[PDB]
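Let me begin by presenting the structure, written as structure tokens, before commenting on it.
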Amino acid sequence: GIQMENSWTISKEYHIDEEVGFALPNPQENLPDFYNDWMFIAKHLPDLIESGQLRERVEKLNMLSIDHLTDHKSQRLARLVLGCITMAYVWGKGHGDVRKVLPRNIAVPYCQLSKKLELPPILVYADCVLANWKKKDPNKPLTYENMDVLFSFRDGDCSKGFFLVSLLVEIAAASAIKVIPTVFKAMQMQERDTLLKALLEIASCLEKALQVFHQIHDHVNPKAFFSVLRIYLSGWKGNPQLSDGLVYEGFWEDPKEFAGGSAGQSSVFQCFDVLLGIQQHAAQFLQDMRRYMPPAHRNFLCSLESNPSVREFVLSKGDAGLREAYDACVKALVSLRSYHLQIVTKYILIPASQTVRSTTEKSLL
Ligand SMILES: Cc1ccc(NC(=O)OC[C@]23CN(S(=O)(=O)c4ccc(C(C)(C)C)cc4)C[C@H]2C[C@H]2C[C@@H]3C2(C)C)cc1
């Protein structure tokens, strides 16, 4: 089911980089001069929100056409800019003074760009993480030390720690995604060792991805996350503060509901759920968040579901090494989901005070 570019590498239409996976490779940092007013607001979001200046600065913008964003990277950068501006405009300082209408000079170009990219007109994982990063030194490896985000909402919102640790988890998982064609090849060729080493490589990369996930505690403070950053990742779908949604002035007449951030927007959980056949109203929210992933990445997840099952192949072999390599992959994925629930508990549930994991742990044998 996976379309191949050649005998080794999956098709470029999936937009999956060998080094950074679902992340956008070498994101664009600067827009054309034509868009300098957008870039100024987005780069000054912290001080503009703090000073109460953001909303009126947005209301003074002129209408800028999207016709000059001529390539994928420039359009993804513009989506990140307009997306951050939009979140900052709707929520403001996050105290309760919300805006239920997005001015047209942002809404129209934002919604037109989102239409081109087939993404909802709201900030999504693919914006604020997958495309929101740069290398400090191009000649040095992808490390926290050597990386930075492009945009933040409030000084001290820990957006670098939160977004970059997430990104580095995605990059660790990239080293596992590149092995997927080897898994299916080894199954058609009945190559025991090739499949075994592929599965152990995937397990090793997902375990490294968990070790990267651990870094979150060193760069994100629970209070700052729950009280500040979480605000700007919140949406207008089932939100009592925007019960009917947001009016995109000049694009739709009626308000429209779009969901805020969710860990389900990372294609990593589903990619290896499907590969390992450890797939689970929650299925309705899972599929919905799939439509918040980049379209090419949805198509990769779907092509994966059309390949033969690795679980079945492995358990029919009477092959302890293959079963233990498969189990190491599932265990790695279950541990990532456990840690996501631990982070939800420490960074949302506890500060608020003051089942996917089960389906996956069931499919171990
Ligand atoms: C817009 C937006 C903003 C951020 C995100 N983040 C996201 O999808 O992260 C994926 C994670 C889960 N988190 S998390 O810290 O548990 C985590 C916890 C909560 C959230 C929100 C605030 C959205 C509810 C987000 C993330 C870290 C990251 C690392 C590992 C585990 C998966 C991973 C890649 C496999 C999505 C939408």
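All Cβ positions, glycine included, derive from the backbone under ideal geometry; neighbour counts span all protein chains shown. A short reminder: the numbers here are calculations on the coordinates, not readings from a lab.
Key figures for this structure:
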item	result
Residue list for the range 142-161, filter: part of a helix (DSSP H, G or I) and closer than 15 Å to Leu80 by Cβ	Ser159, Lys160
Residue that is touching a strand residue (DSSP E or B) at 6+ places or on another chain (Cβ under 7 Å) and either within 16 Å of the ligand (Cβ to nearest atom) or part of a helix (DSSP H, G or I) (or both), where the choices are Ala88, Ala107	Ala107
Residue match in the range 302-312 (condition: more than 14 Å from the ligand (Cβ to nearest atom) and in contact with a strand residue (DSSP E or B) (Cβ under 7 Å, 6 or more places away or on another chain))	no
Single condition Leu315 does not satisfy, out of (1) more than 16 Å from the ligand (Cβ to nearest atom); (2) under 19 Å from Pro121 (Cβ atoms); (3) among the hydrophobic types (A, V, I, L, M, F, W, C)	(2)
Matching entry among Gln284, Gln280 (being under 26 Å from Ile122 (Cβ atoms) and over 20 Å from the mean Cα position of the chain (by Cα))	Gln280
Meets criteria (surrounded by fewer than 18 Cβ atoms within 10 Å (Cβ to Cβ), more than 23 Å from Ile177 (Cβ to Cβ) and more than 13 Å from the ligand (Cβ to nearest atom)) for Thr359	no
Yes/no for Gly238 being assigned to a loop (DSSP other than H, G, I, E, B) and either farther than 21 Å from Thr86 by Cβ or within 15 Å of the ligand (Cβ to nearest atom) (or both)	yes
Top-ranked residue in the range 273-322 [being under 16 Å from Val179 (Cα atoms) and small (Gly, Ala, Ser); ranked as surrounded by the most Cβ atoms within 10 Å (Cβ to Cβ)]	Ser303
Residues (crowded, with 16+ Cβ neighbours inside 10 Å and more than 8 Å from the ligand (Cβ to nearest atom)) located in the range 340-350	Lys346
Residue that is farthest from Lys160 (Cα to Cα), among those in the range 120-130 that are surrounded by 23 or more Cβ atoms within 10 Å (Cβ to Cβ) and more than 9 Å from the ligand (Cβ to nearest atom)	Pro121
Condition met for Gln270 (buried (at least 18 other Cβ atoms within 10 Å of the Cβ), among the polar types (S, T, N, Q), within 14 Å of the ligand (Cβ to nearest atom) and under 18 Å from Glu361 (Cα atoms))	yes
Residue tally, condition outside any loop (DSSP other than H, G, I, E, B) and acidic (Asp, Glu), over the range 306-324	2
Criterion: farther than 21 Å from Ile348 by Cβ, within 16 Å of the ligand (Cβ to nearest atom), among the basic types (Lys, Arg) and more than 17 Å from the chain's Cα centre (by Cα) - qualifying residue of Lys178, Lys208	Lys208
